[PDB]
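Peer 1: If it helps, the file is called coords28.pdb and holds PDB, N, CA and C atoms:
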ATOM      1  N   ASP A   1      -2.781 -17.542  -7.314
ATOM      2  CA  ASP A   1      -2.816 -17.002  -8.669
ATOM      3  C   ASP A   1      -3.232 -18.075  -9.670
ATOM      4  N   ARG A   2      -4.267 -17.780 -10.450
ATOM      5  CA  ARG A   2      -4.766 -18.720 -11.446
ATOM      6  C   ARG A   2      -4.688 -18.119 -12.847
ATOM      7  N   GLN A   3      -5.607 -17.206 -13.146
ATOM      8  CA  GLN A   3      -5.642 -16.557 -14.451
ATOM      9  C   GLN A   3      -5.481 -15.047 -14.313
ATOM     10  N   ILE A   4      -6.544 -14.382 -13.872
ATOM     11  CA  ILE A   4      -6.520 -12.936 -13.695
ATOM     12  C   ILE A   4      -6.803 -12.553 -12.246
ATOM     13  N   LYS A   5      -7.712 -13.287 -11.613
ATOM     14  CA  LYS A   5      -8.072 -13.029 -10.225
ATOM     15  C   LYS A   5      -7.084 -13.697  -9.273
ATOM     16  N   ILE A   6      -5.881 -13.141  -9.190
ATOM     17  CA  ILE A   6      -4.848 -13.681  -8.316
ATOM     18  C   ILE A   6      -5.059 -13.233  -6.874
ATOM     19  N   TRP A   7      -5.601 -12.032  -6.706
ATOM     20  CA  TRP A   7      -5.857 -11.488  -5.377
ATOM     21  C   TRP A   7      -7.133 -12.075  -4.785
ATOM     22  N   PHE A   8      -8.216 -12.019  -5.553
ATOM     23  CA  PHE A   8      -9.501 -12.545  -5.104
ATOM     24  C   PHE A   8      -9.410 -14.044  -4.835
ATOM     25  N   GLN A   9      -8.371 -14.674  -5.374
ATOM     26  CA  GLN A   9      -8.170 -16.107  -5.192
ATOM     27  C   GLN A   9      -8.114 -16.467  -3.712
ATOM     28  N   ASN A  10      -7.752 -15.491  -2.884
ATOM     29  CA  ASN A  10      -7.659 -15.705  -1.444
ATOM     30  C   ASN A  10      -9.008 -16.126  -0.869
ATOM     31  N   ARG A  11     -10.061 -15.961  -1.663
ATOM     32  CA  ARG A  11     -11.406 -16.323  -1.232
ATOM     33  C   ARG A  11     -11.753 -17.743  -1.670
ATOM     34  N   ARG A  12     -11.081 -18.215  -2.714
ATOM     35  CA  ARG A  12     -11.319 -19.557  -3.234
ATOM     36  C   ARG A  12     -10.102 -20.449  -3.014
ATOM     37  N   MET A  13      -9.618 -20.487  -1.777
ATOM     38  CA  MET A  13      -8.458 -21.303  -1.435
ATOM     39  C   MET A  13      -8.811 -22.330  -0.364
ATOM     40  N   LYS A  14      -8.921 -21.869   0.878
ATOM     41  CA  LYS A  14      -9.256 -22.746   1.993
ATOM     42  C   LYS A  14     -10.743 -22.667   2.321
ATOM     43  N   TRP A  15     -11.501 -22.001   1.456
ATOM     44  CA  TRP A  15     -12.937 -21.854   1.653
ATOM     45  C   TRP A  15     -13.715 -22.695   0.648
ATOM     46  N   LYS A  16     -13.099 -22.953  -0.502
ATOM     47  CA  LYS A  16     -13.732 -23.749  -1.547
ATOM     48  C   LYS A  16     -14.170 -25.106  -1.009
ATOM     49  N   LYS A  17     -13.489 -25.573   0.033
ATOM     50  CA  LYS A  17     -13.808 -26.857   0.643
ATOM     51  C   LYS A  17     -15.288 -26.934   1.006
TER      52      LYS A  17
END
Written as structure tokens, that's how I'd like the structure from this file.

Peer 2:
Amino acid sequence: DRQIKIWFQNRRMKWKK
């Protein structure tokens, strides 16, 4: 959870690497 995209955040977690 960051701002509004708390669910989609699952895409920018261990993949942002």

Peer 1: Write out as a list in words all residues of chain A that DSSP puts in helix (DSSP H, G or I) for this structure's backbone.

Peer 2: residues 8, 9, 10 and 11 of chain A

Peer 1: By how many Å are CA of residue 14 (chain A) and atom N of residue 1 (chain A) apart?

Peer 2: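 We find that CA of residue 14 (chain A) and atom N of residue 1 (chain A) lie 12.5 Å from each other.
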
Peer 1: Atom N of residue 3 (chain A) and atom N of residue 17 (chain A) are how many Å apart?

Peer 2: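 For atom N of residue 3 (chain A) relative to atom N of residue 17 (chain A), the distance reads 17.5 Å.
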
Peer 1: Would you fill out chain A with N, CA, C and O atoms and return it as a PDB file, keeping the file's coordinate frame?

Peer 2:
ATOM      1  N   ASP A   1      -2.781 -17.542  -7.314  1.00  0.00           N
ATOM      2  CA  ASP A   1      -2.816 -17.002  -8.669  1.00  0.00           C
ATOM      3  C   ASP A   1      -3.232 -18.075  -9.670  1.00  0.00           C
ATOM      4  O   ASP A   1      -2.629 -19.147  -9.734  1.00  0.00           O
ATOM      5  N   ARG A   2      -4.267 -17.780 -10.450  1.00  0.00           N
ATOM      6  CA  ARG A   2      -4.766 -18.720 -11.446  1.00  0.00           C
ATOM      7  C   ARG A   2      -4.688 -18.119 -12.847  1.00  0.00           C
ATOM      8  O   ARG A   2      -3.816 -18.476 -13.637  1.00  0.00           O
ATOM      9  N   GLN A   3      -5.607 -17.206 -13.146  1.00  0.00           N
ATOM     10  CA  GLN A   3      -5.642 -16.557 -14.451  1.00  0.00           C
ATOM     11  C   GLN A   3      -5.481 -15.047 -14.313  1.00  0.00           C
ATOM     12  O   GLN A   3      -4.418 -14.497 -14.600  1.00  0.00           O
ATOM     13  N   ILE A   4      -6.544 -14.382 -13.872  1.00  0.00           N
ATOM     14  CA  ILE A   4      -6.520 -12.936 -13.695  1.00  0.00           C
ATOM     15  C   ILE A   4      -6.803 -12.553 -12.246  1.00  0.00           C
ATOM     16  O   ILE A   4      -6.209 -11.617 -11.712  1.00  0.00           O
ATOM     17  N   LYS A   5      -7.712 -13.287 -11.613  1.00  0.00           N
ATOM     18  CA  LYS A   5      -8.072 -13.029 -10.225  1.00  0.00           C
ATOM     19  C   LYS A   5      -7.084 -13.697  -9.273  1.00  0.00           C
ATOM     20  O   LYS A   5      -7.408 -14.694  -8.627  1.00  0.00           O
ATOM     21  N   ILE A   6      -5.881 -13.141  -9.190  1.00  0.00           N
ATOM     22  CA  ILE A   6      -4.848 -13.681  -8.316  1.00  0.00           C
ATOM     23  C   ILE A   6      -5.059 -13.233  -6.874  1.00  0.00           C
ATOM     24  O   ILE A   6      -4.740 -13.962  -5.934  1.00  0.00           O
ATOM     25  N   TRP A   7      -5.601 -12.032  -6.706  1.00  0.00           N
ATOM     26  CA  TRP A   7      -5.857 -11.488  -5.377  1.00  0.00           C
ATOM     27  C   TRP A   7      -7.133 -12.075  -4.785  1.00  0.00           C
ATOM     28  O   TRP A   7      -7.136 -12.568  -3.657  1.00  0.00           O
ATOM     29  N   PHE A   8      -8.216 -12.019  -5.553  1.00  0.00           N
ATOM     30  CA  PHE A   8      -9.501 -12.545  -5.104  1.00  0.00           C
ATOM     31  C   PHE A   8      -9.410 -14.044  -4.835  1.00  0.00           C
ATOM     32  O   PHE A   8     -10.262 -14.615  -4.155  1.00  0.00           O
ATOM     33  N   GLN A   9      -8.371 -14.674  -5.374  1.00  0.00           N
ATOM     34  CA  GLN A   9      -8.170 -16.107  -5.192  1.00  0.00           C
ATOM     35  C   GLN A   9      -8.114 -16.467  -3.712  1.00  0.00           C
ATOM     36  O   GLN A   9      -8.393 -17.602  -3.327  1.00  0.00           O
ATOM     37  N   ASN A  10      -7.752 -15.491  -2.884  1.00  0.00           N
ATOM     38  CA  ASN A  10      -7.659 -15.705  -1.444  1.00  0.00           C
ATOM     39  C   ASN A  10      -9.008 -16.126  -0.869  1.00  0.00           C
ATOM     40  O   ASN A  10      -9.091 -16.591   0.268  1.00  0.00           O
ATOM     41  N   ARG A  11     -10.061 -15.961  -1.663  1.00  0.00           N
ATOM     42  CA  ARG A  11     -11.406 -16.323  -1.232  1.00  0.00           C
ATOM     43  C   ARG A  11     -11.753 -17.743  -1.670  1.00  0.00           C
ATOM     44  O   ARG A  11     -12.612 -18.394  -1.075  1.00  0.00           O
ATOM     45  N   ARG A  12     -11.081 -18.215  -2.714  1.00  0.00           N
ATOM     46  CA  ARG A  12     -11.319 -19.557  -3.234  1.00  0.00           C
ATOM     47  C   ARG A  12     -10.102 -20.449  -3.014  1.00  0.00           C
ATOM     48  O   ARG A  12      -9.611 -21.088  -3.945  1.00  0.00           O
ATOM     49  N   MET A  13      -9.618 -20.487  -1.777  1.00  0.00           N
ATOM     50  CA  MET A  13      -8.458 -21.303  -1.435  1.00  0.00           C
ATOM     51  C   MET A  13      -8.811 -22.330  -0.364  1.00  0.00           C
ATOM     52  O   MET A  13      -8.979 -23.514  -0.656  1.00  0.00           O
ATOM     53  N   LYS A  14      -8.921 -21.869   0.878  1.00  0.00           N
ATOM     54  CA  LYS A  14      -9.256 -22.746   1.993  1.00  0.00           C
ATOM     55  C   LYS A  14     -10.743 -22.667   2.321  1.00  0.00           C
ATOM     56  O   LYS A  14     -11.194 -23.200   3.335  1.00  0.00           O
ATOM     57  N   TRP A  15     -11.501 -22.001   1.456  1.00  0.00           N
ATOM     58  CA  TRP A  15     -12.937 -21.854   1.653  1.00  0.00           C
ATOM     59  C   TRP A  15     -13.715 -22.695   0.648  1.00  0.00           C
ATOM     60  O   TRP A  15     -14.847 -23.103   0.907  1.00  0.00           O
ATOM     61  N   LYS A  16     -13.099 -22.953  -0.502  1.00  0.00           N
ATOM     62  CA  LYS A  16     -13.732 -23.749  -1.547  1.00  0.00           C
ATOM     63  C   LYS A  16     -14.170 -25.106  -1.009  1.00  0.00           C
ATOM     64  O   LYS A  16     -15.105 -25.719  -1.524  1.00  0.00           O
ATOM     65  N   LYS A  17     -13.489 -25.573   0.033  1.00  0.00           N
ATOM     66  CA  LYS A  17     -13.808 -26.857   0.643  1.00  0.00           C
ATOM     67  C   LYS A  17     -15.288 -26.934   1.006  1.00  0.00           C
ATOM     68  O   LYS A  17     -15.658 -26.829   2.176  1.00  0.00           O
TER      69      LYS A  17
END
